[PDB]
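A.B. asks: here are the coordinates; sequence isn't available:
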């Protein structure tokens, strides 16, 4: 078996694909749902219109 | 704290009242909310910085429309009565100086 890095990369893209899928699903669910805020979160400070 | 601060602290409080914005400071004292938005520090600061001119307008409105009060008029003319009240005496002496013998006791006309 000749292990030139292009042929090895062709071998290893499947395993990398599965590992990336697992990592990205965990990232999306846990990290984004637990940390990020959607739809332009901001802090609102009201002021009454004075006389 | 038992013998001096009870007397020194009121003077410092008076100094701060003359120096620090009293309405804004009193607004900042009540920190918290009871079911309404806009009672946090940021909103209170914003309304307080807009409340200076509103308070000026309210004082002028009270002076113009409501029945006048002696304290309001005195504070409106405080410099004529408190600090430069002696300038009134100076002007009176100057007006009466022509017949007042002050030219014969160490003074000019």
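C.D. replies: Looks like it came in fine. Numbers count the residues shown, from 1 in each chain, chains lettered A, B, ... in the order given.
A.B. asks: ok, residue 23 - how many residues close by?
C.D. replies: Going with chain A. Counted with other CB atoms under 10 Å in any protein chain shown, the neighbours of residue A:23 add up to 10. Heads up, the C-betas are built off the backbone N, CA and C, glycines and all.
A.B. asks: switch to chain B, that's the one I care about
C.D. replies: Residue B:23: 13 neighbours (other CB under 10 Å).
A.B. asks: for chain B, what's the nearest residue on chain A?
C.D. replies: residue A:46 (3.6 Å; CB to the nearest CB).
A.B. asks: and that residue, what is it in contact with?
C.D. replies: Residues counted as contacts of residue A:46 (CB atoms under 8 Å, 6 or more residues apart in numbering or on different chains) are B:37, B:38, B:43.
A.B. asks: can I assume the second one is in contact with residue A:45?
C.D. replies: So the one you mean is residue B:38. Yes. Under the criterion of CB atoms under 8 Å, residue B:38 makes contact with residue A:45 at 6.7 Å.
A.B. asks: could you point out the longest helix of chain B?
C.D. replies: In chain B, ranked by residue count with DSSP state H as the criterion, the top helix is helix B:41-64.
A.B. asks: mind checking the SS state of residue B:106?
C.D. replies: The three-state label given to residue B:106 by DSSP: H, G, I helix; E, B strand; the rest coil is coil.
A.B. asks: that one: neighbour count?
C.D. replies: 6.
A.B. asks: what residues does chain A have near chain B?
C.D. replies: A:43, A:44, A:45, A:46, A:47, A:48, A:50, A:51 (CB under 8 Å from any CB of the partner chain).
A.B. asks: narrow those residues to those in helices?
C.D. replies: Among the residues of chain A next to chain B, no member falls in helices (DSSP H).
A.B. asks: which of the residues you listed are buried?
C.D. replies: In the residues of chain A next to chain B, burial by neighbour count holds for no member, counting by 16 or more other CB atoms under 10 Å in any protein chain shown.
A.B. asks: need those residues in TSV (columns: distance to residue B:31).
C.D. replies: Shown next, in TSV, are those (distance: CB to CB, whole Å):
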residue	distance to residue B:31
A:43	16
A:44	18
A:45	15
A:46	16
A:47	17
A:48	18
A:50	21
A:51	25
